[PDB]
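The chain below stands alone and is given as structure tokens, in the form deposited in one PDB entry.
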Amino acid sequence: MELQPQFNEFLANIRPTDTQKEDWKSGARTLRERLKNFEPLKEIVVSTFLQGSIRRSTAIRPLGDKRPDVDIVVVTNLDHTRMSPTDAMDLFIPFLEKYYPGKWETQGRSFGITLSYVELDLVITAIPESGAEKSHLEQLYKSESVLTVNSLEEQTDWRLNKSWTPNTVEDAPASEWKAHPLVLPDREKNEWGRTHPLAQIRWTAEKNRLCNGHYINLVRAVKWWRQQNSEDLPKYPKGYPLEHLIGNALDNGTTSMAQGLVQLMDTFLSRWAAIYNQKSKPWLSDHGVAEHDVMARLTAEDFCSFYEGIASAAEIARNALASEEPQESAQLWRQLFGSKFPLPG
């Protein structure tokens, strides 16, 4: 059985809490305003915006006491050919000491800021374009479409368009943004790399519409499966490479979460069968920066162990979907997801 009310309750159980949500919305607004009014950075900071799994509504609630990771981009107008990633980051130390003393730390390519209930993950970026192109991009980064702190789940009317306004317009033509990534610090060395968070967000919103609202829920459900079965799965993939694998495997047109789960798992297994039999791993283009392999740091051994995990899970998911009794079907789904998936009343 599909058990759509049970899937809805399960999703409500694995979303971050309202306490966490209001903490990160207020934290993002406060950081943005403080940066806006900080005199040494006023002419440098273009935009401060929410990104990552939190923005795309693909984050799951942390277990126990833990604070969710909440990703923030600071867009600057710095010349990345004349200043290194650390030059740009150096600019923000006085600001952090003034407004977040004792609550911030450098974490390699980003700054961690400990709030009451969440952990901000701040990345400093720059716009590589110049002239009029740069001005047009800065206008996009200053628009409500970028500055909204509501997540995709809260505004299905969201589009990547400097003219979009919250409903109390489509995505802009791709030629205005698709080939225009930001630069950010590389993970382990003082060099600029490319990232296109806006394009990832837009791609996710569109995939979610193409899949009738089930995509971001399916991402969170599969993350929860991976967490619940972590003892039997490889450490990687997780986080964004896992999300990207799910978005790849899922077909357009999803009609329920049970159907979508079985479909995406079946498709994963068929699409990567040759790669698995070659003891390899796929090369998968990032939706933001096409020439980037989202799987670049994943080992072939981990991909193949994960493939074995998906094969085992797909058998369970098929049985749960095919089951004609609500209790038996829910028991099989709970074999996948654990006790946060409820039994029907």
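Heads up, when I say rigid core I mean the largest set of C-alphas that superpose within 1.5 Å between the two forms. The numbering used is simple: start at 1 and walk along the sequence shown.
*Asks:* Can you tell me how many deposited residues have no coordinates between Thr168 and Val169? The categories are none, 1 to 3, 4 to 9, and 10 or more.
*Replies:* Per the deposited record, the segment joining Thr168 and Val169 lacks coordinates for 10 or more residues.
*Asks:* On mean Cα temperature factor in this entry, is 143 to 151 or 157 to 165 the higher one?
*Replies:* Comparing averages over the C-alpha atoms only gives 157 to 165.
*Asks:* Taking only the CA atoms, which stretch has the higher mean B-factor in the record, 18 to 26 or 327 to 335?
*Replies:* It is 327 to 335 that shows the higher mean C-alpha B-factor.
*Asks:* At the C-alpha atoms, which of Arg61, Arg56, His287, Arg297 reaches the highest B-factor in this entry?
*Replies:* Highest C-alpha B-factor among the listed residues goes to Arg61.
*Asks:* With respect to the C-alpha temperature factors reported in the PDB entry, which of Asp71, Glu243, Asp251, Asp232 ranks highest?
*Replies:* The record points to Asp232.
*Asks:* Ordered by C-alpha B-factor within the chain, which third holds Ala274? Give me lowest, middle or highest, please.
*Replies:* Highest third.
*Asks:* In terms of the CA temperature factor given in the entry, to which third of its chain does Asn37 belong: lowest, middle or highest?
*Replies:* Highest third of the chain for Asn37's C-alpha B-factor.
*Asks:* Sorting by Cα B-factor within the chain, modelled residues only, which third would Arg67 end up in: lowest, middle or highest?
*Replies:* For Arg67, whose C-alpha B-factor we compare with every modelled residue in the chain, the answer is the highest third.
*Asks:* Where does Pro101 sit by CA temperature factor within its chain: lowest, middle or highest third?
*Replies:* Highest third - that is where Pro101 ends up once the chain's C-alpha B-factors are sorted.
*Asks:* By the recorded C-alpha temperature factor, relative to the other modelled residues in its chain, which third is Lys281 in?
*Replies:* Tercile = middle for this residue's CA B-factor.
The discussion below concerns the form deposited in another entry, not included here.
*Asks:* Looking at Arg271, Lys235, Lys189, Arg209, which has a Cα shift of 2 angstroms or more between this form and the one not shown when the rigid core is held fixed?
*Replies:* The one that shifts is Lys189.
*Asks:* So with the core overlaid, does the Cα of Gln259 end up 2 Å or more away between this form and the one not shown?
*Replies:* Comparing forms between this form and the one not shown, the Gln259 CA shifts below 2 Å.
*Asks:* Can a Cα shift of no less than 2 Å be assigned to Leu115 between this form and the one not shown, given superposition on the rigid core?
*Replies:* After core superposition, the C-alpha of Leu115 moves 2 Å or more between this form and the one not shown.
*Asks:* Considering a change of 3 Å or more, are the Cα atoms of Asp90 and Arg187 closer or farther in the other entry than here?
*Replies:* Note: Cα gap between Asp90 and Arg187 shrinks in the other entry.
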